[PDB]
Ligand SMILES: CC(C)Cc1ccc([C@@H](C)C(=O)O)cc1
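Next up is one chain by itself, shown in structure tokens, the form solved without the ligand.
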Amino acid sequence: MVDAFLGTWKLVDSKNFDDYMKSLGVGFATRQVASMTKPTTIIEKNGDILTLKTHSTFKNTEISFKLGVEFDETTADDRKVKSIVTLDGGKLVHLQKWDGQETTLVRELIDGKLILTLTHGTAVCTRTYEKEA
């Protein structure tokens, strides 16, 4: 019923992380500070509205949305994108698009361990979160 996604998550591992930010053309400087960190994600429902908090010593972000309703967003890479978040069968999918090109932040539950796969063209990353109270 989507509620398994709620709570506070903590990074416990990540592989290919760096090739993903190079493929989006993120700067080394930026790439390395933010690659050394282990952030805390929060997933929060509020009626219709959800929210993705990112908490790292590097960046702090909150985005609220309705599922299936598109929105404008600037990332922390500064690209104006068109974004939409959906639920495709217990896979939470965040699509981001701009000028004929795009990227996917897909967040599943495999174990009780939220996996987030990150696909930008021929460039894939996996990042595992564990739950907290």
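All residue numbers refer to positions in the sequence shown, first residue = 1.
If you look for the form solved in complex with the ligand, you will not find it shown, but the lines that follow are about it.
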Heavy atom within 4.5 Å of the ligand in the deposited bound form: which of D88, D99, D77, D48 fits that? Just give me the one. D77
Check whether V26 has any heavy atom within 4.5 Å of a heavy atom of the ligand in the deposited bound form, and answer yes or no. yes
With the cut-off set at 4.5 Å between non-hydrogen atoms, does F65 touch the ligand in the deposited bound form? no
In the deposited bound form, is there a heavy atom of the ligand that lies within 4.5 Å of any heavy atom of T54, even though the partner is absent here? yes
Can you tell me if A123 lies within 4.5 angstroms of the ligand in the deposited bound form, counting non-hydrogen atoms only? no
For 12-33: residues with a non-hydrogen atom within 4.5 angstroms of the ligand in the deposited bound form? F17, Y20, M21, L24, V26
